[PDB]
């Protein structure tokens, strides 16, 4: 039974009328059966039929013991973070996403937790980083925007060697291309704001958990810090996940073709994309994933040319994130860090002229044609 076939099934047992869409329980409380006993549901912060339908499809998708839905990706990562106590340590790949950065830096500390940074690509570096009191190993792969690959099976054994939990933020791959729990991770997180919902109209975060005692501790925090995804947002996620395989299938192929057109373009200096045969990490990646994705970036050594591509293209929207049906284009180097000086950007592997693209589901000839016209209009 394929993913494609699994994403559209409606297994809503509770529904007496078998509607084709999951009924939306937009309520806060439920009436109890008696003065002494509760019902299956009582308060939405604790549990809700609609969110249960989504959390449950997502556990199957990730082959997890239990899945949890949060108001956003950051909320999911913040909860994970509230699992390490005072005097513990966290080995954080130092490449990891902006909000993840800010979190590991400015927030995790106020809690008496220690934060180690590394290059999860160098096993020795991460080997030396895994201390006695190391309780969490937190990875991302491909990284962004460079697409550098890390070995999740091995980093899993080093960490598991100290009795530590491995968190794999799979947002960039989604359950259709990768399933980290089957590579040794303990918790896979997905910003569902990206591929899962795929329409850039809903914030959501997902924690997919391996191990019951573990899941019980996540539920404790989803239910106590009250960050469970709202019923309406769950419904929009349920509606969107249905075409996830269909959308990734077209998107990724658009990305392959635009990466190839750019790869051999006179004005493009380098192209990062794990799908290119020439990508350092290519073979490593595909040993743990079925696809490169639909996000990639490139350099042009010319910041004035890069701004032009970004601002001139008619089919790409200038925006953050990726994974929507609309193709996006940006400069993470002078934008996704506008507060980044000349040393603030150099202190972060990236270069003022770097352009990142999130390919959508348009006709790739429309997109390649759009980019070509854009290079041919830049004056000198």
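Residue numbers count along the first chain shown, from 1.
Look at the C-alpha B-factors of 80-88 and of 189-197. On average they run higher in 80-88.
Mean C-alpha B-factor is higher over 173-181 than over the other stretch, the pair under comparison being 173-181 and 236-244. Highest CA B-factor among the listed residues (160, 269, 250, 256): 269. Reading the B-factor column for the CA atoms of 150, 288, 147, 306 in the entry, the top value corresponds to 306. The entry lists a Cα temperature factor for residue 21 that places it in the lowest third of the chain's modelled residues. The deposited CA B-factor of residue 134 belongs to the highest third of values across its chain. Per the PDB record, residue ranking by Cα B-factor puts residue 65 in the middle third of the chain. Ranked by Cα temperature factor within the chain, residue 339 sits in the highest third according to the deposited record. The entry lists a Cα temperature factor for residue 359 that places it in the lowest third of the chain's modelled residues.
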